[PDB]
Amino acid sequence: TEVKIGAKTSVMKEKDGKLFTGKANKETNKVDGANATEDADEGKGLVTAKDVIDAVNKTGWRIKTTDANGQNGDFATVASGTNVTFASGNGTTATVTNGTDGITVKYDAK
Amino acid sequence: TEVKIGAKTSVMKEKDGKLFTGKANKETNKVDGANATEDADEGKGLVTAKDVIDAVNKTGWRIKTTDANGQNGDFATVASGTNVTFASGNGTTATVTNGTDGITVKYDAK
Amino acid sequence: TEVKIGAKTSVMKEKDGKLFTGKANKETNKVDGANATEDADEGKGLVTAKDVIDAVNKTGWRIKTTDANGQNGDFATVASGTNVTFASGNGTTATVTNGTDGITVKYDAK
């Protein structure tokens with residue numbers, strides 16, 4: 313019955329919490345796409361709900377982690393839905409509260 | 313004059329700062345959609361600007377809050393645009409600076 | 313050969329880490345769009361991959377910064393991909409670890 317009309321989609325790439333076109337990911341970030349089409353993809357195409365859901369879930373800020381010896385390690389992406397806890401420490405007390413001015417994190421010294 | 317050609321859209325669900333298809337939200341997260349269509353929605357459909365704006369604004373990381381007694385409480389979503397303050401505390405001083413390496417939060421002991 | 317069928321797109325605006333329709337940005341945020349079309353744009357239109365990539369990259373949470381004298385300054389947007397470091401300070405030690413419960417930031421007093 314119907315006439316099917318194809319609308320080309322574009323891919324959305326992610327690296328380190330940030331989104332990129334297929335072309336930018338290949339050319340700026342030096343990450344190989346799945347094929348020559350992705351590598352040339354300037355993002356002019358449409359996207360699906362699932363595409364957006366998946367891409368957005370990958371994004372986030374980058375937090376510097378520390379290693380087993382407490383020294384600086386790699387960044388980690390604090391992606392959508394990622395839990396973050398500000399823990400009390402030796403001789404300190406952490407509180408995290410929510411109000412009209414947003415979130416307030418605080419450390420007190422014991 | 314024109315011939316109207318309908319393109320089916322898909323919904324984007326959110327839970328705790330993360331996005332989900334209608335089907336995933338129902339089946340993995342056990343949250344009822346508005347109807348059977350949403351509950352079966354695998355995200356193959358298109359989305360509007362407003363859809364994306366609204367969905368993206370809901371996303372964010374999750375921060376552990378503390379209650380009126382300073383004990384661990386629920387997480388809260390630090391959504392797009394949410395203000396976060398790192399406050400100085402009893403015998404501590406907070407500074408938050410911005411540079412080429414991004415943001416640096418620091419607590420000094422007085 | 314082909315018949316070209318135009319699908320109207322909608323713009324996605326950003327302010328302070330949050331997304332808005334063209335109409336909302338103009339009317340609620342009081343920011344001029346590029347033209348009368350943007351200013352009336354309710355987001356019913358489609359978007360491209362690049363549109364979503366660019367808009368999503370602008371979003372993030374807002375962190376209160378402190379100025380050259382350590383006093384409260386402006387907020388800054390911690391956008392997708394933005395690096396955040398929790399630095400050890402005078403008489404304190406910062407650790408940031410990653411586990412099954414997500415990220416845990418901690419300050420110990422020396």
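These protein sequences, in sequence, are chains A, A' and A''. A prime marks a further copy of an entry chain. If you're matching positions, the first sequence starts at 313 in the deposited numbering and goes up one per residue. If you're matching positions, the second sequence starts at 313 in the deposited numbering and goes up one per residue. If you're matching positions, the third sequence starts at 313 in the deposited numbering and goes up one per residue. Cβ atoms here follow ideal geometry from the backbone N, Cα and C, with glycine treated the same way.
The residues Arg-374, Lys-376, in chain order, have a CB closer than 6 Å to that of A:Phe-387 in the same chain once the five nearest residues on each side in sequence are set aside. DSSP places A'':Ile-415 in the strand class (E or B) of the three-state scheme.
The Cβ neighbour count for A':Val-315, taken over all protein chains shown within 10 Å, is under 16; the residue is labelled exposed. Around the beta-carbon of A':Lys-342, fewer than 16 other beta-carbon atoms lie within 10 Å, marking it exposed. For A'':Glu-339, not one C-beta of chain A' is nearer than 8 Å to its own C-beta. When DSSP states are grouped into helix, strand and coil, A'':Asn-384 belongs to the strand group. Separation of the CB atoms of A'':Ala-352 and A'':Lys-325 is rounded to 13 Å, and the pair is thereby denied contact status at 8 Å. Cβ-Cβ separation between A':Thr-378 and A:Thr-409: approximately 7 Å, consistent with a contact (criterion under 8 Å). Residues of the stretch 351–381 of chain A' with a C-beta atom less than 7 Å from some C-beta of chain A'' are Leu-358, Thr-360, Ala-361, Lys-362, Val-364, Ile-365, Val-368, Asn-369, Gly-372, listed in chain order. Within chain A'', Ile-375, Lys-376, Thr-377, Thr-378, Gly-385, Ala-388 have C-beta atoms less than 9 Å from the C-beta of A':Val-408, given in sequence order. A Cβ of chain A is located within less than 8 Å of the beta carbon of A':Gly-329. If you draw a straight line from the Cα of A':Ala-348 to the Cα of A:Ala-361, it is about 17 Å long.
The C-alpha of A':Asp-413 lies about 23 Å from the C-alpha of A:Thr-416.
Restricting attention to A':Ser-400, A':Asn-369, A':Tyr-419, the CA atom closest to the CA of A'':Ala-399 is found in A':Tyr-419.
In this structure, DSSP gives A'':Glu-326 an extended state, which the three-state scheme calls strand. DSSP, reduced to helix, strand and coil, places A'':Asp-353 outside both helices and strands of the structure shown, so it counts as coil.
If you draw a 10 Å sphere on the C-beta of A'':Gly-372, you find 16 or more other C-beta atoms in it, and that means buried. Under the 8 Å criterion on CB atoms, A':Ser-392 is classed as interfacial with respect to chain A''. In terms of beta-carbon proximity, A':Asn-402 stays away from the interface with chain A'', with every pair separated by 8 Å or more. The beta-bridge partner set that DSSP reports for A:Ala-399 consists of A'':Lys-418. Per the coordinates, the alpha-carbon of A'':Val-359 lies some 7 Å from the alpha-carbon of A'':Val-323. With respect to the 8 Å criterion, A':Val-364 and A'':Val-364 are classified as neighbours on the basis of their beta carbons. For the options A'':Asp-328, A'':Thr-405, A'':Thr-389, the alpha carbon positioned closest to that of A:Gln-383 is the one of A'':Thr-405. Across the set A'':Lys-370, A'':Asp-344, A'':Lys-327, the C-alpha of A'':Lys-370 shows the shortest separation from the C-alpha of A:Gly-329. The CB of A'':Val-396 comes closer than 9 Å to the CB of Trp-373, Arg-374, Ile-375, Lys-376, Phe-387, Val-390 in chain A, given here in chain order. Counting other Cβ atoms within 10 Å of its Cβ, A:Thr-313 stays below 16 and is therefore classed as exposed. Annotated three-state conformation of A'':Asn-410 is strand, per DSSP.
Within the same chain, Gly-357 come within 6 Å of A:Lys-320 by CB-CB distance, once the 5 residues on both sides are set aside.
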